[PDB]
Amino acid sequence: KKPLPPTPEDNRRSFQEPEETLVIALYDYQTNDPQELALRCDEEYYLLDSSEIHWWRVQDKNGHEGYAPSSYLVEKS
């Protein structure tokens with residue numbers, strides 16, 4: 001139905017992470033589905049359910065309800 005697409009190779013270190021539920025996930029994920037707002041690479045993640053080892057869920061603060069995946073995401077702390 002919908003596997004995981006290819007991703008960029010820029011992962012290196014972390015950044016901050018003192019926030020509460022919000023984090024970062026600096027990754028340029030490509031996505032147009034209005035259910036999962038794509039991802040740029042800035043502090044725009046909130047929940048991020050790790051339940052899925054590839055398709056998480058998140059609710060940014062500006063209703064940017066994206067669903068950051070695991071491959072296009074891996075930059076926090």
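Don't worry about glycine lacking a Cβ; one is built from the backbone with ideal geometry, like all the others, and counts go over all protein chains shown. None of the figures in this text is laboratory data; all of them are computed from the coordinates on show.
Can we say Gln59 is under 17 Å from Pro5 (Cβ atoms), assigned to a loop (DSSP other than H, G, I, E, B) and either touching a residue at least 40 places away in the same chain (Cβ under 8 Å) or polar (S, T, N, Q) (or both)? When the stated conditions are applied, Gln59 does not pass them.
When you go through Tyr72, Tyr67, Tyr29, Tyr45 one by one, which is the residue that is surrounded by 11 or more Cβ atoms within 10 Å (Cβ to Cβ), touching a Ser or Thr at 6+ places or on another chain (Cβ under 6 Å) and not acidic (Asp, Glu)? After applying the criteria, what remains is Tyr72.
In the stretch 19-56, the residue that is nearest to the chain's Cα centre (by Cα) out of those that are aromatic (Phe, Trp, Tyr) and over 10 Å from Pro69 (Cβ atoms) is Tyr45. Among the residues making up the stretch 38-56, those that are part of a loop (DSSP other than H, G, I, E, B) and hydrophobic (A, V, I, L, M, F, W, C) are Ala38, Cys41, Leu47, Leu48, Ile53, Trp56. For the stretch 63-77, which residues satisfy the criterion of being part of a loop (DSSP other than H, G, I, E, B) and touching a residue at least 60 places away in the same chain (Cβ under 8 Å)? Answer for the stretch 63-77, where residues must be part of a loop (DSSP other than H, G, I, E, B) and touching a residue at least 60 places away in the same chain (Cβ under 8 Å): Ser70, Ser71, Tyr72, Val74, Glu75, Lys76, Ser77.
Here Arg12 fulfils each of the conditions (1) loosely packed, with under 11 Cβ neighbours inside 10 Å; (2) of a type in the set (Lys, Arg); (3) in contact with a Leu (Cβ under 8 Å, 6 or more places away or on another chain) apart from (3).
Pairing each residue of the stretch 14-37 that is without any contact (Cβ under 8 Å) to a residue 60 or more places away in the chain and in a loop (DSSP other than H, G, I, E, B) with any residue that is surrounded by 11 or more Cβ atoms within 10 Å (Cβ to Cβ) and β-branched (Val, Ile, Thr), provided the two are 6+ apart or on different chains, yields no C-beta distance under 6 Å.
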